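Participant: Provided herewith is a single structure, encoded as structure tokens, for subsequent inquiry.
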Amino acid sequence: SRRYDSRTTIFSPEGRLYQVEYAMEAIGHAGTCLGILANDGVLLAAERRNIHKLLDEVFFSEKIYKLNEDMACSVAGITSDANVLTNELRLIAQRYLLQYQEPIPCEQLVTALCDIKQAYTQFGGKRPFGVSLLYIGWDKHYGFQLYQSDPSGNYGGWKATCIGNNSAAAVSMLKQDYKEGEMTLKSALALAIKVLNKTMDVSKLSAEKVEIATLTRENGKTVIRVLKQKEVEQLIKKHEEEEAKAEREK
Amino acid sequence: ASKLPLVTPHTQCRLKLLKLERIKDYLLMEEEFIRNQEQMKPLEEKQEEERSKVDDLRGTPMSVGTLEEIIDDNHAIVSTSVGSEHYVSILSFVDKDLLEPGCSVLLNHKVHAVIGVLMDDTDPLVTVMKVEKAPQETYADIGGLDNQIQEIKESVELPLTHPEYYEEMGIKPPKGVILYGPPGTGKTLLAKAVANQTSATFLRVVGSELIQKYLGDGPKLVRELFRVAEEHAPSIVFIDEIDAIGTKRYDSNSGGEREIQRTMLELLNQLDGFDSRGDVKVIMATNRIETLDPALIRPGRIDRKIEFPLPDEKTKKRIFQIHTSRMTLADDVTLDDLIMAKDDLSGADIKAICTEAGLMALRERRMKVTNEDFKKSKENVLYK
Ligand SMILES: Nc1ncnc2c1ncn2[C@@H]1O[C@H](COP(=O)(O)OP(=O)(O)OP(=O)(O)O)[C@@H](O)[C@H]1O
Ligand SMILES: [Mg+2]
């Protein structure tokens, strides 16, 4: 019977293991997501993959998942794998809320998830998840926060990160265009439209091909608003105006 | 021709004078010794008389033959070019020492008797696999490694240049040297500086081209290869990319891996055979060190195991300095921003960026290389 066993848990003779590196190999494909903030609010930009003309285009989101009433995540990887993870940590937030009667610190939520993801990587003889994701949310301790999961089971605190197909190429411009605490949530918007303009090999920036979520702090709301497709394209052409004069004056 | 091998005083001494004076009297003895033979035995010219007597023995239609056996009393069985072999005899001007089975000889037209032997027109492959000249610059071109270079001179060059050190130690040099690491890490590049440095007969073979479509043609190619390596001199056999025999399967091979296996077995003989090996060194290089048979990697077959790490950033700037040495660098650039652009860039990456940037200047007919050349250059080189 052990002939059929594949040993998805042991190490390589070079010390590492290959399975999660195949997973993080797969996470480089099939999706393009990023997040950015410097100020009140935090934005998520996700490129839609399925762009066939016969889609009912419902459920309010594609890779955007409202977790708590003040935090949300954008996901990347295998969708069907992700769906268990979404509602999975969702009632962990709810059992926190039941346990303390309080919303959860976003970071300690993320750690608690990354334990579970870490466990399959660690034992069980179990195929892990090729799913990585971002984290937006607000707290009373640090306000707006930004975090990044890895399918390995470790995470990262950031402010603005793309895990696209051309993710490092985006990041190269992300550390070429930013300002610490001052990129307000329109400057980061037009910055972001440039970023997805860059890594978008499909040019002309189809407003239906992308998704953008916002998380602001209203007084007792923490308004998380996915803006409609009536105001994407004005930001698109708004980028298109400044790029024409900006090229033309050179 | 090899008259006196002794030079050992090496000064202005009456020793070295009396040497020649003795050998002076002997060579004059040979002169006037042979001088009387034609003085009292003219009888011929002896410079061409006996010579054209030989050439009046042998006919002008000199058929080209090939040996297959030897009977000592100057007759043997010799194969014709048609194949219908004979049992002719052998002459006295045949200088019967250069006679091995399969050699080309000279036969009569009439009785096909073994007139003479034939020097063999080398071999097309010997030249093909034989490296002629030094490829490029010395070890100063590399930079940054500086430790395993001492290892390579240690196992290779120092045995050549100083065969005193092993003898005062009571020791022989290490046999087999292997090179492994990430790709593009200068593995072949070091071997070029070795091929610069050495005077030995150098051979180079890719591990990919060992495989054949004929059965046993691989191992036969091995056997004649080590024949070629042994028969020449202090020789350096290099193999690149020996993993490719195990990685890729090709449908040109009639056999599967159970012919590849036999190839590796015959090679495995040629590393550690019971026969007297001789002065042939073995340098190997690949990037997938974990994949092949460790039986080839045993001490006795390979003694020295050499990894090539990724470059650290202070070595990176040196490699930039090398690949930016002779070029008209416009002072717009800063190399240190170019260092940390990729965390794990190779030495091939730097030269790729530099050369591609020169291509960008030659798009605009310029002579010096500006900053945006590098800006869009790493966009070309890295991100795709
Ligand atoms: N340390 C270095 N200093 C200068 N140039 C380097 C260095 N490392 C690599 N290069 C450049 O990279 C090129 C590739 O070198 P080489 O082919 O020897 O690397 P390799 O590891 O053998 O590559 P491969 O893995 O494809 O066989 C060389 O021509 C060389 O100019
Ligand atoms: Mg190479």
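Labeling convention for the structure tokens: chains A, B, ... as they appear, residues from 1 per chain, ligands from 1 in order of appearance.
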Could you please tell me, as a PyMOL selection string, which residues of chain A have an atom within 12 Å of chain B when using only C-alpha atoms?

Facilitator: chain A and resi 12-15+165-173+175-176+199+201

Participant: Generate a file of the selected residues that holds N, CA, C and O atoms, formatted as a PDB file, in the first residue's frame.

Facilitator:
ATOM      1  N   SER A  12      13.569  17.628   0.937  1.00  0.00           N
ATOM      2  CA  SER A  12      14.510  17.341  -0.123  1.00  0.00           C
ATOM      3  C   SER A  12      15.897  17.139   0.452  1.00  0.00           C
ATOM      4  O   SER A  12      16.218  17.661   1.522  1.00  0.00           O
ATOM      5  N   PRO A  13      16.759  16.401  -0.253  1.00  0.00           N
ATOM      6  CA  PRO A  13      18.159  16.299   0.179  1.00  0.00           C
ATOM      7  C   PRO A  13      18.928  17.591   0.106  1.00  0.00           C
ATOM      8  O   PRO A  13      20.001  17.679   0.712  1.00  0.00           O
ATOM      9  N   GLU A  14      18.429  18.590  -0.608  1.00  0.00           N
ATOM     10  CA  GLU A  14      18.933  19.945  -0.496  1.00  0.00           C
ATOM     11  C   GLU A  14      18.244  20.727   0.608  1.00  0.00           C
ATOM     12  O   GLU A  14      18.393  21.951   0.670  1.00  0.00           O
ATOM     13  N   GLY A  15      17.488  20.056   1.470  1.00  0.00           N
ATOM     14  CA  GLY A  15      16.991  20.687   2.670  1.00  0.00           C
ATOM     15  C   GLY A  15      15.565  21.168   2.567  1.00  0.00           C
ATOM     16  O   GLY A  15      14.827  21.167   3.554  1.00  0.00           O
ATOM     17  N   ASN A 165       0.646  38.104 -12.242  1.00  0.00           N
ATOM     18  CA  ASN A 165       1.515  37.332 -13.112  1.00  0.00           C
ATOM     19  C   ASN A 165       2.859  38.017 -13.308  1.00  0.00           C
ATOM     20  O   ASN A 165       3.881  37.349 -13.485  1.00  0.00           O
ATOM     21  N   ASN A 166       2.868  39.344 -13.259  1.00  0.00           N
ATOM     22  CA  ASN A 166       4.064  40.141 -13.469  1.00  0.00           C
ATOM     23  C   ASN A 166       4.337  40.903 -12.189  1.00  0.00           C
ATOM     24  O   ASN A 166       4.587  42.114 -12.216  1.00  0.00           O
ATOM     25  N   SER A 167       4.264  40.177 -11.071  1.00  0.00           N
ATOM     26  CA  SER A 167       4.149  40.797  -9.757  1.00  0.00           C
ATOM     27  C   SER A 167       5.387  41.599  -9.398  1.00  0.00           C
ATOM     28  O   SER A 167       5.278  42.749  -8.961  1.00  0.00           O
ATOM     29  N   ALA A 168       6.569  41.026  -9.615  1.00  0.00           N
ATOM     30  CA  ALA A 168       7.800  41.738  -9.303  1.00  0.00           C
ATOM     31  C   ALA A 168       8.013  42.919 -10.237  1.00  0.00           C
ATOM     32  O   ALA A 168       8.601  43.929  -9.831  1.00  0.00           O
ATOM     33  N   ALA A 169       7.530  42.815 -11.475  1.00  0.00           N
ATOM     34  CA  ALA A 169       7.589  43.945 -12.388  1.00  0.00           C
ATOM     35  C   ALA A 169       6.697  45.076 -11.918  1.00  0.00           C
ATOM     36  O   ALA A 169       7.052  46.249 -12.075  1.00  0.00           O
ATOM     37  N   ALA A 170       5.548  44.740 -11.336  1.00  0.00           N
ATOM     38  CA  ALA A 170       4.716  45.759 -10.723  1.00  0.00           C
ATOM     39  C   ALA A 170       5.420  46.378  -9.531  1.00  0.00           C
ATOM     40  O   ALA A 170       5.485  47.604  -9.427  1.00  0.00           O
ATOM     41  N   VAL A 171       6.010  45.529  -8.684  1.00  0.00           N
ATOM     42  CA  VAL A 171       6.686  45.943  -7.458  1.00  0.00           C
ATOM     43  C   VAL A 171       7.840  46.882  -7.754  1.00  0.00           C
ATOM     44  O   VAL A 171       8.055  47.857  -7.022  1.00  0.00           O
ATOM     45  N   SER A 172       8.545  46.644  -8.859  1.00  0.00           N
ATOM     46  CA  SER A 172       9.608  47.527  -9.314  1.00  0.00           C
ATOM     47  C   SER A 172       9.132  48.949  -9.544  1.00  0.00           C
ATOM     48  O   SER A 172       9.854  49.892  -9.214  1.00  0.00           O
ATOM     49  N   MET A 173       7.917  49.119 -10.038  1.00  0.00           N
ATOM     50  CA  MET A 173       7.355  50.448 -10.166  1.00  0.00           C
ATOM     51  C   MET A 173       6.709  50.906  -8.873  1.00  0.00           C
ATOM     52  O   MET A 173       6.630  52.114  -8.624  1.00  0.00           O
ATOM     53  N   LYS A 175       7.925  50.471  -5.853  1.00  0.00           N
ATOM     54  CA  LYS A 175       9.013  51.155  -5.186  1.00  0.00           C
ATOM     55  C   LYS A 175       9.637  52.220  -6.062  1.00  0.00           C
ATOM     56  O   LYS A 175      10.688  52.764  -5.715  1.00  0.00           O
ATOM     57  N   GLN A 176       9.014  52.531  -7.190  1.00  0.00           N
ATOM     58  CA  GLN A 176       9.358  53.714  -7.947  1.00  0.00           C
ATOM     59  C   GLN A 176       8.303  54.795  -7.834  1.00  0.00           C
ATOM     60  O   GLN A 176       8.504  55.888  -8.370  1.00  0.00           O
ATOM     61  N   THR A 199       0.978  46.155 -15.746  1.00  0.00           N
ATOM     62  CA  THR A 199       0.974  44.700 -15.779  1.00  0.00           C
ATOM     63  C   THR A 199      -0.176  44.141 -16.596  1.00  0.00           C
ATOM     64  O   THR A 199      -0.171  42.948 -16.911  1.00  0.00           O
ATOM     65  N   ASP A 201      -1.370  43.247 -19.694  1.00  0.00           N
ATOM     66  CA  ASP A 201      -0.940  43.056 -21.070  1.00  0.00           C
ATOM     67  C   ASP A 201      -2.067  43.389 -22.029  1.00  0.00           C
ATOM     68  O   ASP A 201      -1.825  43.907 -23.123  1.00  0.00           O
TER      69      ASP A 201
END

Participant: Taking only C-alpha atoms and all ligand atoms into account, report as a ChimeraX atom specification which residues have an atom no farther than 9 Å from an atom of ligand 2.

Facilitator: /B:183-189,240-241,285-286,348

Participant: Apply DSSP to the backbone of this structure and, from segment 29-250 of chain A, keep only the residues in helix (DSSP H, G or I); write these as a PyMOL selection string.

Facilitator: chain A and resi 79-100+106-122+167-174+187-199+207-209+232-248

Participant: Which residues are near ligand 1 - at most 9 Å, using only C-alpha atoms and all ligand atoms? Format: as an NGL selection string.

Facilitator: :B and (141-145 or 180-192 or 240-241 or 285-287 or 308 or 310-311 or 315-316 or 318-320 or 322-323 or 346-352)

Participant: Quick one: write out the picked residues with N, CA and C atoms as a compact mmCIF listing (two decimals), in the first residue's frame?

Facilitator:
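So selection.txt came out as:
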# COMPACT_ATOMS: atom_id res chain seq x y z
N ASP B 141 39.83 37.64 -15.52
CA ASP B 141 38.55 38.02 -16.08
C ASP B 141 37.39 37.68 -15.15
N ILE B 142 37.56 36.72 -14.26
CA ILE B 142 36.42 36.16 -13.54
C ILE B 142 36.01 37.06 -12.40
N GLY B 143 36.88 37.16 -11.40
CA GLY B 143 36.56 37.93 -10.23
C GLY B 143 35.64 37.24 -9.25
N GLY B 144 35.86 37.50 -7.97
CA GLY B 144 34.91 37.22 -6.93
C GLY B 144 35.01 35.85 -6.32
N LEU B 145 35.53 34.87 -7.05
CA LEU B 145 35.50 33.51 -6.54
C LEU B 145 36.66 33.25 -5.59
N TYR B 180 29.51 22.29 -9.70
CA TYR B 180 28.07 22.26 -9.60
C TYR B 180 27.58 23.50 -8.89
N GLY B 181 26.39 23.95 -9.28
CA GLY B 181 25.77 25.09 -8.67
C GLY B 181 24.55 25.53 -9.45
N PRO B 182 24.11 26.76 -9.21
CA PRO B 182 23.07 27.36 -10.04
C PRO B 182 23.54 27.56 -11.46
N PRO B 183 22.63 27.72 -12.41
CA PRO B 183 23.05 27.95 -13.80
C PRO B 183 23.61 29.34 -13.99
N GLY B 184 24.42 29.50 -15.03
CA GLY B 184 24.98 30.80 -15.35
C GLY B 184 25.96 31.32 -14.33
N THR B 185 26.51 30.44 -13.50
CA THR B 185 27.39 30.85 -12.41
C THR B 185 28.86 30.76 -12.78
N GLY B 186 29.18 30.74 -14.06
CA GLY B 186 30.56 30.88 -14.44
C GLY B 186 31.26 29.55 -14.48
N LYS B 187 30.47 28.48 -14.56
CA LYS B 187 31.03 27.14 -14.50
C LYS B 187 31.86 26.86 -15.73
N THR B 188 31.30 27.12 -16.91
CA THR B 188 32.07 26.98 -18.13
C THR B 188 33.13 28.06 -18.21
N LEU B 189 32.82 29.22 -17.64
CA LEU B 189 33.69 30.39 -17.70
C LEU B 189 35.02 30.13 -17.01
N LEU B 190 35.01 29.36 -15.93
CA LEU B 190 36.27 29.01 -15.30
C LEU B 190 37.08 28.08 -16.18
N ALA B 191 36.41 27.14 -16.84
CA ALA B 191 37.07 26.20 -17.72
C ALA B 191 37.69 26.88 -18.92
N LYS B 192 37.15 28.03 -19.32
CA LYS B 192 37.81 28.79 -20.36
C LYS B 192 39.14 29.34 -19.90
N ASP B 240 30.84 19.08 -19.90
CA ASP B 240 29.80 19.97 -19.42
C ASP B 240 28.48 19.24 -19.41
N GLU B 241 27.68 19.54 -18.38
CA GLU B 241 26.24 19.31 -18.35
C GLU B 241 25.92 17.82 -18.51
N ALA B 285 31.21 19.36 -15.07
CA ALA B 285 30.41 20.49 -14.65
C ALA B 285 28.96 20.25 -15.01
N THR B 286 28.08 20.61 -14.09
CA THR B 286 26.65 20.61 -14.32
C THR B 286 26.00 21.54 -13.32
N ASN B 287 24.68 21.58 -13.37
CA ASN B 287 23.92 22.30 -12.38
C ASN B 287 23.00 21.42 -11.55
N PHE B 308 29.48 26.30 -6.75
CA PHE B 308 29.56 27.72 -7.08
C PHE B 308 28.34 28.43 -6.52
N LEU B 310 25.76 31.69 -5.39
CA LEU B 310 25.33 32.93 -6.01
C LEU B 310 26.21 34.08 -5.52
N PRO B 311 26.40 35.11 -6.35
CA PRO B 311 27.33 36.18 -5.97
C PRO B 311 26.77 37.07 -4.87
N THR B 315 30.79 41.43 -4.42
CA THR B 315 31.36 40.79 -5.58
C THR B 315 30.63 41.17 -6.84
N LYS B 316 29.34 41.52 -6.71
CA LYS B 316 28.54 41.92 -7.86
C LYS B 316 29.11 43.17 -8.49
N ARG B 318 32.12 44.17 -8.38
CA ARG B 318 33.31 43.77 -9.10
C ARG B 318 32.97 43.20 -10.47
N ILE B 319 31.91 42.40 -10.55
CA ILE B 319 31.55 41.81 -11.84
C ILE B 319 31.00 42.87 -12.78
N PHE B 320 30.29 43.87 -12.24
CA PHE B 320 29.93 45.05 -13.02
C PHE B 320 31.14 45.79 -13.49
N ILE B 322 34.02 44.54 -14.12
CA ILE B 322 34.62 43.76 -15.19
C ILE B 322 33.84 43.93 -16.48
N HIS B 323 32.52 43.78 -16.42
CA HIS B 323 31.72 43.90 -17.62
C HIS B 323 31.44 45.34 -18.01
N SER B 346 22.70 36.63 -11.72
CA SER B 346 23.92 35.88 -12.02
C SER B 346 24.94 36.79 -12.69
N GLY B 347 26.14 36.24 -12.91
CA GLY B 347 27.14 36.96 -13.66
C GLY B 347 26.83 37.02 -15.14
N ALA B 348 26.00 36.09 -15.62
CA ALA B 348 25.48 36.20 -16.98
C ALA B 348 24.49 37.34 -17.10
N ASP B 349 23.81 37.66 -16.00
CA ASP B 349 22.80 38.70 -16.03
C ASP B 349 23.42 40.07 -16.21
N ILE B 350 24.53 40.32 -15.51
CA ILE B 350 25.23 41.60 -15.59
C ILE B 350 25.70 41.86 -17.01
N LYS B 351 26.39 40.89 -17.60
CA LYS B 351 26.89 41.02 -18.96
C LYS B 351 25.75 41.11 -19.96
N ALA B 352 24.63 40.43 -19.69
CA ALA B 352 23.46 40.56 -20.54
C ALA B 352 22.90 41.97 -20.52

Participant: What's the 12 Å shell around residue 357 of chain B, counting only C-alpha atoms, without same-chain residues fewer than 6 positions away, as a ChimeraX atom specification?

Facilitator: /B:323-324,327-330,333,350-351,363-364,366-381

Participant: Would you export the selected residues with N, CA and C atoms as a PDB file, in the first residue's frame, please?

Facilitator:
ATOM      1  N   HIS B 323      32.520  43.783 -16.416  1.00  0.00           N
ATOM      2  CA  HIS B 323      31.717  43.902 -17.623  1.00  0.00           C
ATOM      3  C   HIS B 323      31.435  45.338 -18.012  1.00  0.00           C
ATOM      4  N   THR B 324      32.022  46.301 -17.316  1.00  0.00           N
ATOM      5  CA  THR B 324      31.961  47.702 -17.688  1.00  0.00           C
ATOM      6  C   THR B 324      33.346  48.315 -17.777  1.00  0.00           C
ATOM      7  N   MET B 327      34.296  49.901 -21.550  1.00  0.00           N
ATOM      8  CA  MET B 327      33.212  50.592 -22.226  1.00  0.00           C
ATOM      9  C   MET B 327      33.138  52.051 -21.796  1.00  0.00           C
ATOM     10  N   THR B 328      32.693  52.893 -22.728  1.00  0.00           N
ATOM     11  CA  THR B 328      32.566  54.329 -22.491  1.00  0.00           C
ATOM     12  C   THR B 328      31.320  54.548 -21.651  1.00  0.00           C
ATOM     13  N   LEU B 329      31.491  54.425 -20.350  1.00  0.00           N
ATOM     14  CA  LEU B 329      30.386  54.657 -19.440  1.00  0.00           C
ATOM     15  C   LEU B 329      30.171  56.152 -19.294  1.00  0.00           C
ATOM     16  N   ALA B 330      29.024  56.632 -19.756  1.00  0.00           N
ATOM     17  CA  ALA B 330      28.591  57.945 -19.324  1.00  0.00           C
ATOM     18  C   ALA B 330      28.306  57.906 -17.833  1.00  0.00           C
ATOM     19  N   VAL B 333      25.209  56.962 -14.642  1.00  0.00           N
ATOM     20  CA  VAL B 333      24.740  55.746 -14.008  1.00  0.00           C
ATOM     21  C   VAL B 333      25.338  55.610 -12.611  1.00  0.00           C
ATOM     22  N   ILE B 350      24.534  40.320 -15.511  1.00  0.00           N
ATOM     23  CA  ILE B 350      25.226  41.599 -15.594  1.00  0.00           C
ATOM     24  C   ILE B 350      25.704  41.860 -17.009  1.00  0.00           C
ATOM     25  N   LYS B 351      26.393  40.885 -17.598  1.00  0.00           N
ATOM     26  CA  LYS B 351      26.886  41.019 -18.960  1.00  0.00           C
ATOM     27  C   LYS B 351      25.745  41.114 -19.960  1.00  0.00           C
ATOM     28  N   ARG B 363      21.338  51.614 -31.100  1.00  0.00           N
ATOM     29  CA  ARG B 363      20.116  52.051 -31.748  1.00  0.00           C
ATOM     30  C   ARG B 363      20.152  53.545 -32.022  1.00  0.00           C
ATOM     31  N   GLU B 364      20.707  54.321 -31.096  1.00  0.00           N
ATOM     32  CA  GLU B 364      20.714  55.771 -31.198  1.00  0.00           C
ATOM     33  C   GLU B 364      22.064  56.317 -31.617  1.00  0.00           C
ATOM     34  N   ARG B 366      24.941  56.281 -30.495  1.00  0.00           N
ATOM     35  CA  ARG B 366      25.716  56.997 -29.504  1.00  0.00           C
ATOM     36  C   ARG B 366      26.996  56.244 -29.188  1.00  0.00           C
ATOM     37  N   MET B 367      27.834  56.876 -28.380  1.00  0.00           N
ATOM     38  CA  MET B 367      29.076  56.274 -27.946  1.00  0.00           C
ATOM     39  C   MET B 367      29.107  55.950 -26.468  1.00  0.00           C
ATOM     40  N   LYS B 368      28.457  56.745 -25.630  1.00  0.00           N
ATOM     41  CA  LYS B 368      28.433  56.494 -24.203  1.00  0.00           C
ATOM     42  C   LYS B 368      27.060  56.024 -23.762  1.00  0.00           C
ATOM     43  N   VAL B 369      27.043  55.383 -22.601  1.00  0.00           N
ATOM     44  CA  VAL B 369      25.890  54.628 -22.140  1.00  0.00           C
ATOM     45  C   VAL B 369      25.320  55.314 -20.914  1.00  0.00           C
ATOM     46  N   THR B 370      24.071  55.730 -21.023  1.00  0.00           N
ATOM     47  CA  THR B 370      23.429  56.585 -20.043  1.00  0.00           C
ATOM     48  C   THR B 370      22.607  55.752 -19.065  1.00  0.00           C
ATOM     49  N   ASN B 371      21.843  56.431 -18.214  1.00  0.00           N
ATOM     50  CA  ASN B 371      21.192  55.777 -17.087  1.00  0.00           C
ATOM     51  C   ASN B 371      19.924  55.056 -17.509  1.00  0.00           C
ATOM     52  N   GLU B 372      19.112  55.719 -18.323  1.00  0.00           N
ATOM     53  CA  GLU B 372      17.893  55.143 -18.862  1.00  0.00           C
ATOM     54  C   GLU B 372      18.158  53.943 -19.752  1.00  0.00           C
ATOM     55  N   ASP B 373      19.372  53.836 -20.306  1.00  0.00           N
ATOM     56  CA  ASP B 373      19.800  52.631 -21.000  1.00  0.00           C
ATOM     57  C   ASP B 373      19.711  51.434 -20.076  1.00  0.00           C
ATOM     58  N   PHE B 374      20.199  51.599 -18.854  1.00  0.00           N
ATOM     59  CA  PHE B 374      20.062  50.562 -17.853  1.00  0.00           C
ATOM     60  C   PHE B 374      18.638  50.427 -17.358  1.00  0.00           C
ATOM     61  N   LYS B 375      17.896  51.542 -17.305  1.00  0.00           N
ATOM     62  CA  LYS B 375      16.528  51.511 -16.795  1.00  0.00           C
ATOM     63  C   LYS B 375      15.630  50.646 -17.659  1.00  0.00           C
ATOM     64  N   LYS B 376      15.595  50.905 -18.954  1.00  0.00           N
ATOM     65  CA  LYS B 376      14.849  50.031 -19.835  1.00  0.00           C
ATOM     66  C   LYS B 376      15.598  48.746 -20.129  1.00  0.00           C
ATOM     67  N   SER B 377      16.896  48.707 -19.831  1.00  0.00           N
ATOM     68  CA  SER B 377      17.686  47.528 -20.144  1.00  0.00           C
ATOM     69  C   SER B 377      17.335  46.377 -19.223  1.00  0.00           C
ATOM     70  N   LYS B 378      17.220  46.652 -17.926  1.00  0.00           N
ATOM     71  CA  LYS B 378      16.828  45.590 -17.013  1.00  0.00           C
ATOM     72  C   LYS B 378      15.375  45.201 -17.191  1.00  0.00           C
ATOM     73  N   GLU B 379      14.557  46.106 -17.728  1.00  0.00           N
ATOM     74  CA  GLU B 379      13.215  45.738 -18.137  1.00  0.00           C
ATOM     75  C   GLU B 379      13.256  44.709 -19.243  1.00  0.00           C
ATOM     76  N   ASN B 380      14.198  44.859 -20.157  1.00  0.00           N
ATOM     77  CA  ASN B 380      14.347  43.886 -21.216  1.00  0.00           C
ATOM     78  C   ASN B 380      14.919  42.579 -20.696  1.00  0.00           C
ATOM     79  N   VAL B 381      15.935  42.659 -19.846  1.00  0.00           N
ATOM     80  CA  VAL B 381      16.683  41.468 -19.467  1.00  0.00           C
ATOM     81  C   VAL B 381      15.898  40.638 -18.467  1.00  0.00           C
TER      82      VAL B 381
END

Participant: Can you tell me how far atom CA of residue 252 of chain B sits from atom CA of residue 204 of chain B, in Å to one decimal?

Facilitator: 23.3 Å

Participant: Neighbours of residue 280 of chain B within 7 Å (only C-alpha atoms; same-chain residues fewer than 6 positions away dropped), as a ChimeraX atom specification?

Facilitator: /B:229-230,234-237

Participant: For each of A:143, A:31, A:41, A:124, take the minimum atom-to-atom distance to residue 215 of chain A, counting only C-alpha atoms, then give the residue where this is smallest.

Facilitator: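 Of the candidates, the smallest distance to residue 215 of chain A is held by A:41.
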
Participant: List the neighbours of segment 49-52 of chain A out to 12 Å using only C-alpha atoms; skip same-chain residues closer than 6 positions along the sequence, and give me the result as number ranges by chain.

Facilitator: A: 29-33, 62-63, 76-77, 79, 164-165, 200, 202, 206-211

Participant: If you keep N, CA and C atoms, can you produce a file of those selected residues as an mmCIF file, in the first residue's frame?

Facilitator:
data_model
loop_
_atom_site.group_PDB
_atom_site.id
_atom_site.type_symbol
_atom_site.label_atom_id
_atom_site.label_comp_id
_atom_site.auth_asym_id
_atom_site.auth_seq_id
_atom_site.Cartn_x
_atom_site.Cartn_y
_atom_site.Cartn_z
ATOM 1 N N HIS A 29 0.778 32.166 -11.482
ATOM 2 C CA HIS A 29 -0.191 32.236 -12.552
ATOM 3 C C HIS A 29 -1.595 32.302 -11.980
ATOM 4 N N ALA A 30 -2.548 32.536 -12.886
ATOM 5 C CA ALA A 30 -3.988 32.533 -12.632
ATOM 6 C C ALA A 30 -4.369 33.560 -11.561
ATOM 7 N N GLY A 31 -4.168 34.819 -11.906
ATOM 8 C CA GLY A 31 -4.667 35.916 -11.100
ATOM 9 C C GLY A 31 -3.747 37.119 -11.102
ATOM 10 N N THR A 32 -4.323 38.269 -10.769
ATOM 11 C CA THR A 32 -3.564 39.502 -10.627
ATOM 12 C C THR A 32 -4.270 40.383 -9.614
ATOM 13 N N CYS A 33 -3.622 40.601 -8.477
ATOM 14 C CA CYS A 33 -4.227 41.330 -7.378
ATOM 15 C C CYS A 33 -3.192 42.247 -6.760
ATOM 16 N N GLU A 62 -15.684 39.218 -7.108
ATOM 17 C CA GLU A 62 -15.082 38.013 -7.648
ATOM 18 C C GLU A 62 -14.061 37.402 -6.708
ATOM 19 N N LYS A 63 -13.037 38.159 -6.334
ATOM 20 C CA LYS A 63 -12.013 37.688 -5.415
ATOM 21 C C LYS A 63 -12.041 38.481 -4.122
ATOM 22 N N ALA A 76 -6.295 34.785 -4.085
ATOM 23 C CA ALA A 76 -5.579 34.411 -5.292
ATOM 24 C C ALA A 76 -5.222 32.935 -5.224
ATOM 25 N N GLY A 77 -5.372 32.256 -6.358
ATOM 26 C CA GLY A 77 -5.102 30.835 -6.437
ATOM 27 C C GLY A 77 -6.277 30.016 -6.913
ATOM 28 N N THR A 79 -9.812 28.793 -6.726
ATOM 29 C CA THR A 79 -11.011 29.388 -6.157
ATOM 30 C C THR A 79 -11.730 28.428 -5.232
ATOM 31 N N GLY A 164 0.516 39.635 -8.944
ATOM 32 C CA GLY A 164 0.078 39.334 -10.283
ATOM 33 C C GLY A 164 0.958 38.306 -10.968
ATOM 34 N N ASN A 165 0.646 38.104 -12.242
ATOM 35 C CA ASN A 165 1.515 37.332 -13.112
ATOM 36 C C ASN A 165 2.859 38.017 -13.308
ATOM 37 N N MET A 200 -1.156 44.966 -16.942
ATOM 38 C CA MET A 200 -2.215 44.551 -17.842
ATOM 39 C C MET A 200 -1.628 44.472 -19.239
ATOM 40 N N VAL A 202 -3.301 43.105 -21.624
ATOM 41 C CA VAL A 202 -4.470 43.634 -22.307
ATOM 42 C C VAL A 202 -4.500 45.136 -22.061
ATOM 43 N N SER A 206 -10.128 47.715 -19.777
ATOM 44 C CA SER A 206 -11.539 47.379 -19.685
ATOM 45 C C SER A 206 -12.006 47.437 -18.238
ATOM 46 N N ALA A 207 -12.962 48.331 -17.978
ATOM 47 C CA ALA A 207 -13.477 48.547 -16.633
ATOM 48 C C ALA A 207 -14.173 47.315 -16.081
ATOM 49 N N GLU A 208 -14.780 46.519 -16.944
ATOM 50 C CA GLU A 208 -15.387 45.264 -16.550
ATOM 51 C C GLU A 208 -14.364 44.168 -16.333
ATOM 52 N N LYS A 209 -13.118 44.377 -16.741
ATOM 53 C CA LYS A 209 -12.100 43.356 -16.573
ATOM 54 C C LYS A 209 -11.389 43.461 -15.239
ATOM 55 N N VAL A 210 -11.710 44.471 -14.440
ATOM 56 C CA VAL A 210 -11.026 44.722 -13.185
ATOM 57 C C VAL A 210 -12.057 44.822 -12.074
ATOM 58 N N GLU A 211 -11.576 44.696 -10.839
ATOM 59 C CA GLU A 211 -12.394 44.935 -9.659
ATOM 60 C C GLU A 211 -11.586 45.700 -8.631
#

Participant: Write down as a PyMOL selection string the residues belonging to segment 22-67 of chain A that are assigned strand (DSSP E) by DSSP computed on the backbone.

Facilitator: chain A and resi 33-36+42-47+64-66

Participant: For residue 78 of chain A, work out the shell of residues within 7 Å, counting only C-alpha atoms and skipping chain neighbours fewer than 4 positions away, then give it as a VMD selection string.

Facilitator: chain A and resid 82 130 to 131

Participant: Quick one: residues within 9 Å of residue 267 of chain B, only C-alpha atoms, excluding same-chain residues fewer than 2 positions away - as a PyMOL selection string?

Facilitator: chain B and resi 219+222-223+262-265+269-272+296
